[PDB]
Structures are given as structure tokens and as C-alpha cells.
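Below is one structure; the comments refer to it alone.
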Ligand SMILES: COC(=O)[C@H](C)NC(=O)[C@@H](CC(N)=O)NC(=O)CCCc1ccc(Br)cc1
Ligand SMILES: COC(=O)[C@H](C)NC(=O)[C@@H](CC(N)=O)NC(=O)CCCc1ccc(Br)cc1
Ligand SMILES: NC(=O)C[C@@H](NC(=O)CCCc1ccc(Br)cc1)C(=O)O
Ligand SMILES: NC(=O)C[C@@H](NC(=O)CCCc1ccc(Br)cc1)C(=O)O
Ligand SMILES: [Cl-]
Ligand SMILES: [Cl-]
Ligand SMILES: [Cl-]
Ligand SMILES: [Cl-]
Ligand SMILES: [Cl-]
Ligand SMILES: [Cl-]
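Here is the structure:
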């Protein structure tokens, strides 16, 4: 019944400019009164506008969907959170101290399973004939199940496989029949792959200071953790369902109430006593404040609810940015006290900037060697031999490239260049190449500069 | 009425061994039933035992004392938290955007003042004829007063100066008459300097893997933030007063109740909605959980209260360790759920280890140059000239030392080597020295190896 808040709009434009995301869509609910902020382009090359129809990957905001469906099957008596995972995924052996470990459904709901960080690299790589249980079989857990909170995205991929086993249905179908169809979220879907979705934003990723179109992987097994697709009107319906459950049938209502119950049975750090529930963080400080970010290789998003004040906040963007991950908290500060802190830092940006300077140094280092060599070749001389000369100068770059290829596997067991390339800036690949190229021209110069008679 | 908890004792011994602190004293209260854990040596060289009489610097757990006295003067009508600091410290000009800023008593209570981190270096350096207002005069604030939470130790030194101005008494005297004498904390004192305190632990600091005796500065102006001295029985009385206020006079009771009221008028981060009150952190998660650590150059400590369960936890140690800063949370996890996470990392240890490897590399680099040079001098030859040779080879180490001396001031304006040496491991000083020593022997070798005819 009145214009939207211009200080709110200012904040969001500012964070959009700092984030450099091509598209940003935001919706703020405050006791029915909703405000919408829909800016930028969903596709840069074709100048396709960000509209309310624009579809986004939800990232880890997918987990609230998966977790709620788990709580629906629990509420219907088809599952127990105390059930052992082997009852539903019989081939998933997971070891602690060399011995098969008992993992419960609760362990995956609450990230108390022990799966190493590298299970993200396996689940996100498309593997067309491999079930989740095979991709994770014989993984070495970091700690005894239940012993601490340790976030791992693939925990919710295990839960998607449980859903399918319990129902005998595809994950796509269960989400539709249990969530999107009952709630009326007619533009939300769990995808089956990288099939073409009309209205989906193109996804972008920072490279040399600018957003670069990035075609990210979309592995069918990883959809329950990362790849539910939605729109801003559907996410407002999502928000409104969590805030207003009267109109909802009792099984969905009960499941929701059980979905916001955080796991208190883990050690808490001195500066963080926040609990994780069924795909949400639960914070009692200036709360209840229920929240979750969504970080994909080339999408990012955030959601936060303050149900006692009837507040819901969702942001969607087609680039991975920490400024979008934090924007919901910024907007909550704004609604709460009318102020907000400066833009947080961003790992992709800092890394991208570090790599611009590093490849520039390699050019200056390389051009110093080229200009120095042409000055030698022009001022002096110029008036099976070239074989052994071309052999010693070519092994060094090929040997520098050999060590470069294995270095990720060694310094961090479980990760590979494929994973690094998916998540890091577009500029990462110029670091190895400028290195082997420099190591090429350096070895050649010294091999030839020893031929001076 | 029963033996102390052996799983608790195990935890504390383990964290003591991992921390490597020479002395550790811990007290846990649970509804009257207290347990005590008093281990190690207060002085290593003389093998002086850690006893209940052993006195410790409280670090930033001093601030709860200062803050409570502030709230006593507020409760007595001698001060308002909304009062401008210039009313009591008339010469302290503090600038925001080149212009004198209005700072309140509340700004310093709640760390919403804008004082840069480097004000710690000024307040901790003894300055015998300088008031706090002069040490801070014309400082450039990081942000508009009140605009965010930003911890700075010197904020409580400003409050100690307010106490003295309001009362016309020394800080030592006000603490005694308003806190330690009424509560019966007969071994707690705000010190005036580095005068000899009988029973005080020696303080230690990590160096080359081992604790090294360290005589830290003790500036009179910085006592309200860092240097209140207490004992474990006195800290149990402290804890018990905060938990049990009936027996207390109403002014002290009221001041205490106002001392646990956190400042909600600052932006909160997505992962941290904890408030700061009058020298305590206030956390509603699995709470109220009221806590504060104490980190000095060569002491560390922690305190945490869970008043609804009548729980108080204090730890005191005579070395700066993150394992002691986190131990209170570990013990709270233990009491709460019977488990606890692994030992957190420690910055001093990681830095000390990094420097051991760096100075070892400099020896290997240096010994490679020495052995290579004696092999040249013995195999070959050995059968105003030495002046210009000794001049070119001596400026390089003295010029490397010149750049080394200024580098802290440049990379982080406001800090100097004096500050670095106070807080970092004993091994920090071998990094510049091995560098200038290496830069000495490298320049000499090349200057002499060019004399080969
Ligand atoms: C400097 O500021 C920060 O670091 C802020 C505070 N943190 C972040 O931005 C986090 C998001 C978060 N809040 O968790 N982003 C990431 O973790 C993604 C990094 C991905 C990546 C991978 C390989 C390479 Br090579 C480069 C980058
Ligand atoms: C690796 O693990 C960590 O970093 C943990 C998580 N953090 C810490 O230990 C913090 C304590 C804290 N919890 O705030 N310790 C310090 O900040 C003191 C560092 C002092 C210092 C100064 C100069 C130089 Br040279 C070297 C050291
Ligand atoms: N796509 C998903 O599975 C969703 C998932 N996102 C993440 O885990 C962010 C990965 C961040 C990261 C990447 C590379 C490196 Br190297 C360091 C850090 C989640 O947040 O649940
Ligand atoms: N002694 C006091 O004033 C108490 C005060 N302690 C601190 O601030 C810890 C300083 C930590 C640090 C030191 C050097 C560098 Br480089 C980085 C970080 C507090 O916690 O209030
Ligand atoms: Cl079904
Ligand atoms: Cl199918
Ligand atoms: Cl309702
Ligand atoms: Cl008085
Ligand atoms: Cl005096
Ligand atoms: Cl009482």
C-alpha cells in the first residue's frame, strides 16, 4: 500500500555493483508487505533481461527442500531419522578407523557424518552409471559419526538417494508431488541433468576482473544438494509457506516444525553456538533467525527468515559471490536497526586479482628474457646439433608441467585440477601455462647462451 | 560430596599438554558443586608450583571489572552511558572524516568507537607522563561512532580514565572499594605498574617449540583493559557473585543486571549475532552463555557462565595459548553433551614453527655458501684494496637491515617491531638477523669471487 523502501533499494544496488553479478533478484517480506528488486541481465551475450520468470540454481538452498521431504517421509511413518543408512543404501560402506561405521539418516541431515570435503568433487562430477553409494563406497571418515558438525554438501545427496529408495520414485517426482505441486510452486523443479530449462539464467564466473560465461557441471546425483531450480515468485511462496502453515495439511505442517529443530548434540565453538536443522541454520540470537546460503560454481543465493516478526528475505544471482551470500544478513540488519556494515570480501575476487598480477609478472619476466636474447642475437653473430639443443630446452617445460599436474592431488588428497577449474576464477589456468611457458624460454636461453664461442 | 569428574580432568590435562602452558588452573561450578584442577609450575627456572595462591594477569577478563564499575557509577547517578567522552576526557579529540567526532561512554563499553587496532600498541607501551587522552589525541577512527562492533582493547583504557575522573580516585582504589572489598576478593588488585606482586606467576611465551620466560610490558594506563591480577579462589567468588546476587546490595545487583545487557544496535554478520555487553559476550544459543577470553602477551585465560544452569567456568594460565582461550567452551560442551571437539589451532605455534623452518633454510643456504667458498680458497690460490672490498660487502646487509626496520611501519601503518616482538614468538627475531647475515655473506662472496684473475 506504499512505495518500496529507497534505502533498501540503494543497499541492494550497491551490493550488486560490488558483487559484479550480471543478474540479481531479491524479495523482502515483512508481515505480508513484500518488496521486490529485480535488476540486470540473465544472459549477457544476448542481453536477455532478468525477469520474474528467470530461473536460478538454488545451490545449498536446495537442501531445505530435500530435508523437508525427508521429514515428510518421517512424519508418514516411512522412515526414521535414527535409521541406519545401510537399510536404504546397502552398498555404501563408510569406514572409521578401518571399520564399517554406523551412519544414521540424522548423521546426513545434520552434517555429523564425517565425509571428507573431497566428496564434493566426486558427487559433482557427472558419472552416468554410478549410484551415490558407489561414488562414496569405502570413504574414510574424518571423525566418529555424530561427534561434530562438519558441513559437507554430499550429505544431502545421500538423503536424495534415501528418498528415491523409500518411495521407489525419482527425486524429481517426489519433490513435485510432495512440495511444488501442493504449495503451488509451478516453476520449481529438481532437474535430472543439464537438459535445457527454458528461462534459466546463464551462469557467470569472475575472470580477469570481469564476469565470464561459465557452463558448470550438473550431475544428476548432486541435484538434492545443489541444483534445485526456482524463481523469485516461487521462493516467495516457499517463504510464505514456512511463515504461514495454517492453510497447510497437518503432515506438511508437522514435517516443517520438525524441519526447524536444530541438532544440539554436537560440540559448539566459543564464537558459534548456532545449530543446523533439516537444511537450515537456526540462530536464537536476535531471533529465531533461520537462514542458509546457496553457493554454486556460477550461481549464488541466500535466504533468511525471522518468523516471529514475519520476515522473509531471499536473494538470487547468476554468479558466485560472497556479497550475495551475505546480502540477506545485510538486509536483516537494515530491517532490524536501519544500518548495515560494509561489503565483505570475496575469495574468487581476491584470487582472480592475485592471478592477474602473477601472470603479468610472468610476462615481464618473459619479455625481459626475450628482449635480452634478441639484443644478443642481433648485436653479436647474425652473419645432430639443433636436435640436442631442442631436446634439453623442451623437457624442462614439459617436466614443470608434469609436476604442476600432480601438485593438487598431493597437497590436498582427493582434489584435482578439474575441481579447481570448476570453482576458481577463469584466471587460474594462466598460472600453470605462464609457468611452463616461462620455464620453456628460460631453459632455452641458458642452453643457447652456453653455445657462445 | 563426591569425587571430581575424571573425564573432565582428562580433557584439561590434554589441553594443557597440547597448549604447552607451564601452569594451568581451572575451576568449574555446577549448582554449588565446584571442581578444581591446579597443575604445573608458576615459575619454571625455580620449579615454583602452581598453587591456589598463584596470581595471574586476567587479560581482557579485566574488562568485566572495569565495565561493572562503570555501571556502578551509572547506577549511582554519577555517570550516564549516553554521556559524551569529552565531558570526562576533555583533551581527547578523535576524528571521523577529518572532523571531531562525538563518542559516548557507550561507544567504549560496546566497542563501537572506531579506534584502530594500532591503539593497542600505544596504550600497552609504558609512557610515564602521558594520559590516555594524549596517547589517543587526533586518532583517525575507522567508521562513524556506533556504526559497528569492532573490538579494540584500548576502549576499556578510556573507561578506566573516566572512572578516575568521575571519582577523583585512582583506578586501583575504585576497584578495591567498589568490587574486591565488598565481594571479599582479597587477592585481586588493579596494579599500578610492574611493581613486584608476591605470588604472581612468571609469564611465558613460545620460542623454538618450547616455553620461554618473557617479561612483558605492564603500562599503568592499560591496566583497565588487560592487567587486573587475580587468583582462582577469587575468580570463583567473582563467578559466584554474578550467579547469586540476593546477598548483594541493590546498587551492585542493579549494576550487574545492566552489565549483561548486550548492545543490539550494531550490524550482525550472518554467522555471528552475538552481542557485547559491559565487558562480556552474550550468546542466547544454548544459553544465555556469557563469556570472555583473556589474551595477554604471556598470559591467557577464559571465563564462561551459563546462569540458568548455575554454571561457571574459569581457566587461568601463564602463557598465551588459543587452547586456553577455547578451553572454557570445550568444558561447556563437556558439561552440556558429554563430548568436545579436537584442540583448535594456535597462531603463536604455527608462526613459531614457520620461523624454525625459515632460519634453518637460511643456515643451509649460508652453509652452502661458506663450504663452497672455503673449497675455492683452499683448492685454488692459498700460496685501498681490502678497503673497497669490505665496503661493498657491508652496505648490503646494513641496507637489507634498513629496509627490514621500516617494513612493519609501511605494510601495516601504526605498528612497529616493538609491538611485533611483544606478541609474536621468541623466534621472530631470527628472521631479520638470518636475513641480514645471509645478505652479508652472499654479497661478500660475489664481491670476492669477482677478484679471480
Ligand atoms: C577474501 O574473502 C573471503 O574469503 C570470504 C570471506 N569468503 C568467501 O568468499 C567464500 C564464500 C563463503 N562465505 O564461504 N568463497 C569461497 O569459498 C569460494 C572460493 C572458490 C575458489 C576455489 C578455487 C580457487 Br583457485 C579460488 C576460489
Ligand atoms: C592458527 O590458528 C589460529 O590462528 C587461531 C585460530 N587463532 C589464534 O590463536 C589467536 C587467538 C584468537 N582465538 O584470537 N592468537 C593470536 O591472534 C595471537 C597471535 C600473536 C602474534 C603476533 C605476531 C606474530 Br609474528 C605471531 C603471533
Ligand atoms: N554446489 C554445492 O554442492 C553446494 C555447496 N557449495 C560449496 O560447498 C562451496 C564450495 C566452496 C569451495 C570450493 C572450492 C574450494 Br578449493 C574451496 C571452497 C554448499 O554450500 O552446500
Ligand atoms: N593485552 C590486551 O590488551 C588484551 C587484548 N588482547 C589482544 O588484543 C590480543 C592481541 C592479539 C594480536 C597481537 C598481535 C597481532 Br600482529 C595480532 C593479534 C584483548 O583481547 O582485549
Ligand atoms: Cl510416495
Ligand atoms: Cl528419468
Ligand atoms: Cl499462520
Ligand atoms: Cl567514590
Ligand atoms: Cl599512585
Ligand atoms: Cl540467588
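Chains as they are written, first to last, in PDB author numbering: chain A, 36 to 418, 427 to 496; chain A', 36 to 418, 427 to 496. A prime marks a further copy of an entry chain. Backbone N, C-alpha and C fix where the C-beta goes; we use that ideal spot for every residue, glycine too.
| query | result |
| --- | --- |
| Following the continuous alpha helix (DSSP H) through residue 48(A'), name the residue where it begins and the one where it ends. | 41-54 |
| Three or more C-beta pairs under 8 angstroms: does that hold for the region 287-296 of chain A' against the region 45-65 of chain A'? | no |
| Got a sec: does ligand 4 put a non-hydrogen atom nearer than 7 angstroms to the Cβ of residue 94(A')? | yes |
| Output the distance between the C-alpha atoms of residue 77(A) and residue 351(A), rounded to the nearest integer angstrom. | 11 angstroms |
| If you run the structure through DSSP and keep just helix, strand and coil, what is residue 441(A)? | helix |
| Within its chain, find whatever has a CB closer than 7 angstroms to the CB of residue 393(A); leave out the 5 residues flanking it on each side and keep chain order. | 474 |
| Using a Cβ-Cβ cut-off of 7 angstroms (strictly less than) and excluding sequence neighbours within five positions of residue 252(A'), which residues of its own chain qualify? | 159, 160, 161, 465 |
| Kindly provide the chain-ordered list of residues whose Cβ lies closer than 5 angstroms to any non-hydrogen atom of ligand 10. | 279(A'), 281(A') |
| Curious, which full-length beta strand (DSSP E) runs of at least 3 residues does the region 203-279 of chain A' contain? | 239-242, 245-248, 263-265 |
| Please confirm if residue 227(A') has its CB atom under 8 angstroms from at least one CB of chain A. | no |
| Output, in sequence order along the chain, the residues in the region 301-324 of chain A' whose CB is closer than 9 angstroms to any CB in chain A. | 301, 302, 303, 304, 305, 306, 307, 308, 309, 310, 316, 317, 318, 319, 320, 321, 322, 324 |
| Please confirm if residue 363(A) has its CB atom under 8 angstroms from at least one CB of chain A'. | yes |
| What do you get for residue 5(A), buried or exposed, if any count of 16 or more other CB atoms within 10 angstroms of its CB means buried? | Within the shown structure, residues of chain A are numbered from 36 to 496, placing residue 5(A) beyond reach of any answer. |
| Report yes or no: is there a C-beta of chain A within less than 8 angstroms of the C-beta of residue 299(A')? | yes |
| Tell me whether residue 101(A') counts as near ligand 8, meaning its Cβ is closer than 7 angstroms to at least one heavy atom of that ligand. | no |
| Can you say whether residue 361(A') is buried or exposed, counting buried as having 16 or more other CB atoms within 10 angstroms of its CB? | buried |
| Which residues does DSSP pair with residue 58(A) in a beta bridge? | 75(A) |
| Just the Cα atoms here: how many angstroms apart are residue 184(A') and residue 367(A)? | 16 angstroms |
| Which whole-angstrom value is the C-beta distance of residue 307(A) and residue 335(A), which I expect to be below 8 angstroms? | That belief does not hold up - the Cβ atoms of residue 307(A) and residue 335(A) are roughly 22 angstroms apart, past 8 angstroms. |
| Helix, strand or coil for residue 174(A') per DSSP? | strand |
| Note down the Cα distance separating residue 219(A) from residue 68(A), rounded to an integer number of angstroms. | 20 angstroms |
| Name the chain A' residues whose beta carbon is nearer than 9 angstroms to that of residue 121(A)? | Going along chain A', no residue has its Cβ under 9 angstroms from residue 121(A), so there is no contact; the nearest lies around 24 angstroms. |
| Using Cβ-Cβ distances below 7 angstroms, what residues of the region 364-395 of chain A are close to chain A'? | 364, 368, 372, 374, 375, 376 |
| Quick one: Cα of residue 38(A') to Cα of residue 370(A'), how far? | 16 angstroms |
| Any idea if residue 255(A) is buried or exposed, counting beta-carbon neighbours within 10 angstroms, 16 or more meaning buried? | buried |
| State yes or no: is the C-beta of residue 471(A') nearer than 7 angstroms to some heavy atom of ligand 2? | yes |
| Determine, using beta carbons only, whether residue 358(A) and residue 50(A) come nearer to each other than 8 angstroms. | yes |
| Are there 16 or more other CB atoms within 10 angstroms of the CB of residue 398(A), so buried, or fewer, so exposed? | exposed |
| Is any beta-carbon of chain A found at less than 8 angstroms from that of residue 350(A')? | no |
| Please report the distance separating the alpha-carbon of residue 316(A) from that of residue 325(A). | 6 angstroms |
| Taking Cβ-Cβ distances below 7 angstroms as the criterion, which residues of the region 177-208 of chain A are in contact with chain A'? | 182, 183 |
| Measuring straight from C-alpha to C-alpha, what distance separates residue 226(A') and residue 266(A')? | 14 angstroms |
| Between residue 171(A') and residue 154(A'), how many whole angstroms is the CB-CB distance? I'm expecting something under 8 angstroms. | 6 angstroms |
| Would you mind giving the Cβ-Cβ distance between residue 483(A) and residue 439(A), rounded to the nearest angstrom? I have them listed as a contact below 8 angstroms. | 7 angstroms |
| Mapping DSSP to helix, strand and coil, what is residue 422(A')? | Between 418 and 427, chain A' has no modelled residues, which means residue 422(A') does not appear in the coordinates. |
| Using alpha carbons as the reference points, say which of 188(A'), 52(A'), 133(A') lies closest to residue 174(A'). | 133(A') |
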